[PDB]
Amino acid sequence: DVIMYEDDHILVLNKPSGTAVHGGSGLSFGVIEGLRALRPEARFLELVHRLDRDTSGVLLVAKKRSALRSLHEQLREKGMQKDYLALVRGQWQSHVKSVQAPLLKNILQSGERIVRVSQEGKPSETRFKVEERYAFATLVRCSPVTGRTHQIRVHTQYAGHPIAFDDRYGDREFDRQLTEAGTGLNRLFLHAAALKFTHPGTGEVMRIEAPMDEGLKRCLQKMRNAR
């Protein structure tokens, strides 16, 4: 399903890779206009946070003003545990538990975002945990503590291990290596896998986890066997 959890307060999606969360500066729409169309007469619907167009996985959407009030505050306080799964080039170093590089975001003519490490950027922190090591790449659990645009993608690139099929920050030779290995992979390997947050109505702590799509799974099966 795309809709993974819904009640009067929240809607939690498993966002597909390839669709933006909302429309751009031009003639486009994304997930949320797409949602207002299958549910006209929604009283209140607002994204709580963003995900990149090619990122998949857990996406929280507020259905009441009180819900967004709550979720905004939990984000600002960095209270949520957002865990992503990324397939990165080569061997992530085991001692690198975090990256702390500041990030400067600029907007291109297309409306595309480009983000670069810079002392003139905003304080940014991502944590990392190695999950599975392969012949030429690593599966890494990446937990952005701050919630900056492109933070994981740029932080991994910065640390020397860009994400597979990352068209902006990535490495076409690694993508070449993945294709020649037979992985099937044809999108950014970045997945919002788990989100833990406090439910705004119940006040109960909630952990939502999104399944990876078959492209990602077949990729990992192949990498588990690569040598």
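All residue numbers are counted from 1 along the displayed sequence.
Higher average CA B factor: 41-49, of the stretches 191-199 and 41-49.
Taking the PDB entry as given, 203-211 carries the higher mean Cα B factor of the two stretches 14-22 and 203-211. By the numbers in the PDB entry, the CA B factor is greatest at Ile107 among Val154, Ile107, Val145, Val140.
Ranking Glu132, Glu77, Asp83, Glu125 by Cα temperature factor from the entry places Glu77 first. When the modelled residues of the chain are ordered by C-alpha B-factor, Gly57 sits in the lowest third. In this PDB entry, the Cα temperature factor of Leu35 sits in the top third of its chain's modelled residues, the highest group. The entry lists a Cα temperature factor for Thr149 that places it in the middle third of the chain's modelled residues.
Residue-level temperature factors show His161 in the lowest third of its chain, judged at the C-alpha atom.
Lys64 sits in the middle third of its chain by CA B factor, as recorded in the PDB entry.
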